[PDB]
Amino acid sequence: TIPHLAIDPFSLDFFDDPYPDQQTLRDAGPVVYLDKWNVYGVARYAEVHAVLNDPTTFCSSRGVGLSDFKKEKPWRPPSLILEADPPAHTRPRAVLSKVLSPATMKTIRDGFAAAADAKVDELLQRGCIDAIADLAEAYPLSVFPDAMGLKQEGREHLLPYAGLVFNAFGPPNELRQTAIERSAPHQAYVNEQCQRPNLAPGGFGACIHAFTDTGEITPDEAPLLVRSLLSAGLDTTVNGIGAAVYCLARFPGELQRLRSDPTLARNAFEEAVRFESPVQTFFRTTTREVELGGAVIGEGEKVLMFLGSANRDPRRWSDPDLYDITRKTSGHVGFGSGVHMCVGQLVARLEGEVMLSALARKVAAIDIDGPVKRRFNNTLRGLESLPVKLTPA
Ligand code: HEM
Ligand SMILES: O=C(O)c1ccc(CCBr)cc1
Ligand SMILES: [Cl-]
């Protein structure tokens, strides 16, 4: 009753152009079985949203990658928030929610925006820059590690560690095996920076440790929660900002609308998250036999959610393959949905907004003027290199 497909959603060919194979996954049926990896898959918005919003049935404590923590040892100690289910998930979630709260955004917004304007001003001085290394990577590196409270030493480990993390969610292919092979130095650095003495006062890290005397988390839970932000906090915004600039580079008409009304920056970034879905996929594990889109899934089965496919499902979106900065983007699943919905989405949106605001005010045109190179990762979608000429406004 369930169609079986041979598509490998973690193959290089798939990463290079996933959209045809994603329509094939959506249109084969509401629930497919991927013979390559022995997992169920849902690529339509409706089922992706349902799975995300049934955390009891589709749990996260058995891992949100392919590996089932009940069957294999996790490559690193489980995240106390991402790889936990309610109620164990609840209190750590609240702490991270207050650490990255609306009130917290007000303390960092001015510095984040000044750093965004400064970067655009710097890039305009060069003209022909790499929107990835010189913008999508350079900007978050100039604000987030400092907002964390990290020392300068060792920050080169941050992106390699994040790439390792997101590759580790995937199947045991060469991307994952190679990432884990090289992980030791990056794990050592990250784990060490998670300790209270190594986090500058007032930053996200020290604020997490400060919540250890409320009874929401104990002192021994703080390092792993700092680890969460060092895992999910940087490389995501890199690919989110990169996708936004990529969209504006490909859709000059939308850049011109953004210039005409820079208050659209925040929605232009949200639309970029939907349109590219930098975070492409996550797994759940069934805790019982479940009926999902006419299929009966047994207990202990991995289910692969195609977030990016769900964000382009024409059953849900009008003109899904068009970048539209005035689109009503509420409901897209690029930040997830439900109890695990991205707790750092205010940071992500802040960085995205202030950067697109800088571009909206300072840039008249963004033209690709060089080979576009894609970066391959089992979970992240984004570019390795995006040469562009920036024309001053
Ligand atoms: C474009 C930027 C970002 C995107 C697209 C993104 C995407 C996502 C998605 C889809 C989830 C859901 C995971 C799941 O359902 O299993 C998630 C969760 C999470 N995100 Fe983000 N994220 C972004 C930025 C950030 C930032 C900046 C931070 C921290 C500063 C962060 C921290 C987290 C954490 C800790 C979780 C786990 C929350 C939980 O399990 O309750 N993310 N993110
Ligand atoms: O808690 C963590 O370490 C963690 C949380 C979320 C992700 C991916 C969603 Br942006 C990865 C790692
Ligand atoms: Cl680690």
Side-chain angles (χ1 to χ4, degrees), residues 99-126 129-150 155 158-159 202-204 229 232-249 251 254-276 278-279 323 325-326 329 334-335 342-366 382-383 386 388 390-393:
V99 170
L100 311 170
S101 65
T104 307
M105 300 304 96
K106 183 177 181 188
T107 65
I108 61 177
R109 183 180 173 96
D110 274 75
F112 274 46
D117 288 19
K119 177 57 61 180
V120 174
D121 281 339
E122 177 197 354
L123 302 170
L124 283 174
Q125 290 304 308
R126 300 172 47 184
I129 56 82
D130 188 332
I132 302 304
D134 303 325
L135 196 172
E137 290 181 356
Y139 170 65
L141 278 176
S142 72
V143 289
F144 184 77
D146 290 324
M148 284 299 306
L150 294 174
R155 288 184 183 187
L158 288 173
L159 292 178
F204 298 156
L229 302 187
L234 185 67
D235 204 10
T236 52
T237 66
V238 172
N239 291 285
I241 297 176
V245 180
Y246 196 24
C247 294
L248 295 166
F251 296 82
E254 287 312 82
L255 171 64
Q256 298 168 12
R257 303 171 76 204
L258 177 61
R259 289 174 65 198
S260 62
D261 185 351
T263 73
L264 293 174
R266 202 167 167 89
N267 201 60
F269 180 77
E270 205 72 3
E271 173 72 338
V273 178
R274 179 202 72 84
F275 186 86
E276 284 305 320
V279 181
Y323 179 70
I325 66 175
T326 58
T329 59
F335 290 111
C342 179
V343 71
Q345 67 187 231
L346 300 185
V347 176
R349 291 181 180 143
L350 175 56
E351 298 183 21
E353 182 196 339
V354 294
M355 176 56 69
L356 296 198
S357 172
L359 297 176
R361 288 177 279 106
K362 296 168 176 301
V363 175
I366 303 175
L383 292 184
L386 179 60
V388 299
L390 302 186
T391 296

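Quick note: numbers below take in every heavy atom, side chains included, and nothing from hydrogens, waters or symmetry partners. Counting begins at 1 with the first residue of the sequence.
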S.K.: Does a side-chain heavy-atom distance below 4.5 Å link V347 with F204?
M.R.: yes
S.K.: State, with a plain yes or no, whether a side-chain heavy atom of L100 is found less than 4.5 Å away from one of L229.
M.R.: yes
S.K.: Kindly indicate whether the side chain of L159, heavy atoms from C-beta on, has any atom under 4.5 Å from the side chain of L141.
M.R.: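 Side chain of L159 against side chain of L141, heavy atoms only: contact under 4.5 Å found.
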S.K.: Quick one: are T391 and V363 in side-chain contact, heavy atoms under 4.5 Å?
M.R.: no
S.K.: Quick check: closest heavy atoms across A272 and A244, and the distance to 0.1 Å?
M.R.: CB-CA, 3.5 Å
S.K.: Check whether any side-chain N or O of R155 sits under 3.5 Å from a backbone N or O of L150 as a donor-acceptor pair, and report yes or no.
M.R.: yes
S.K.: Step by step, would you call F335 with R349 a side chain to side chain contact (heavy atoms under 4.5 Å, CB included)?
M.R.: CA-CA 10 Å; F335 290 111; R349 291 181 180 143; 3.7 Å; yes
S.K.: Of all heavy-atom pairs between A265 and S357, which one has the smallest distance, and what is that distance?
M.R.: CB-N, 3.8 Å
S.K.: Please check: side-chain N/O of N239 versus main-chain N/O of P278, any donor-acceptor pairing under 3.5 Å?
M.R.: no
S.K.: For the CG atom of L124 and the CG atom of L359, what is their distance to the nearest 0.5 Å?
M.R.: 8.5 Å
S.K.: Show your reasoning for whether side chain to side chain contact (heavy atoms under 4.5 Å, CB included) applies to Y139 and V120.
M.R.: CA-CA 9 Å; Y139 170 65; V120 174; over 6 Å; no
S.K.: Which pair of heavy atoms, one from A268 and one from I325, lies closest together, and at what distance?
M.R.: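 Minimum heavy-atom separation between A268 and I325: CB-CG2, 3.5 Å.
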S.K.: How many angstroms lie between OG in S142 and CD in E137, if you round to the nearest 0.5 Å?
M.R.: 12.0 Å
S.K.: When you measure from the side chain of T236 to the backbone of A232, do you find a donor-acceptor pair of N or O atoms at a distance under 3.5 Å?
M.R.: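 Checking the backbone N and O of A232 against the side chain of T236, a donor-acceptor pair under 3.5 Å is found.
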S.K.: Hey, does the side chain of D134 reach the backbone of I129 with a donor-acceptor pair shorter than 3.5 angstrom?
M.R.: no
S.K.: Rounded to the nearest 0.5 Å, what's the gap from CD on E271 to CG on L248? Could you check?
M.R.: 10.5 Å
S.K.: Do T237 and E351 have a side chain donor and acceptor closer than 3.5 Å?
M.R.: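 Distance-only check passes for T237 and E351.
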S.K.: For the residue pair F275 and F251, categorise the inter-ring angle as parallel (less than 30°), tilted (30 to 60°) or perpendicular (more than 60°).
M.R.: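 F275 vs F251 ring planes: perpendicular.
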S.K.: Counting N and O atoms only, with roles assigned by atom type, does the side chain of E353 sit under 3.5 Å from a partner on the main chain of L350, one being a donor and the other an acceptor?
M.R.: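 No.
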S.K.: Could you give the distance from CG (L356) to SG (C247), rounded to the nearest 0.5 Å?
M.R.: 9.5 Å
S.K.: Specify the closest pair of heavy atoms between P140 and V238, including all atoms of both residues, with the distance to one decimal.
M.R.: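 So the two residues come closest at CG-CG2, 4.1 Å.
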S.K.: Going by atom types alone, do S101 and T104 pair a side-chain donor with an acceptor below 3.5 Å?
M.R.: yes
S.K.: What's the separation between atom CZ in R361 and atom CG in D121, rounded to the nearest 0.5 Å?
M.R.: 9.0 Å
S.K.: Run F269 and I241 through side chain to side chain contact (heavy atoms under 4.5 Å, CB included) and show every step you take.
M.R.: CA-CA 8 Å; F269 180 77; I241 297 176; 4.3 Å; yes
S.K.: On a heavy-atom basis, which atom in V245 and which in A131 lie closest, and how many Å separate them?
M.R.: CG1-CB, 3.9 Å
S.K.: OH/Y323 to CZ/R274 distance, rounded to the nearest 0.5 angstrom?
M.R.: 10.0 Å
S.K.: Can a salt bridge be assigned to the pair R259 and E254 using a cut-off of 4.0 Å between side-chain N and carboxylate O?
M.R.: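 No.
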S.K.: I need the minimum non-hydrogen distance between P145 and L234, along with the two atoms involved.
M.R.: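 Here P145 and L234 meet closest at CD-CD1, 4.2 Å.
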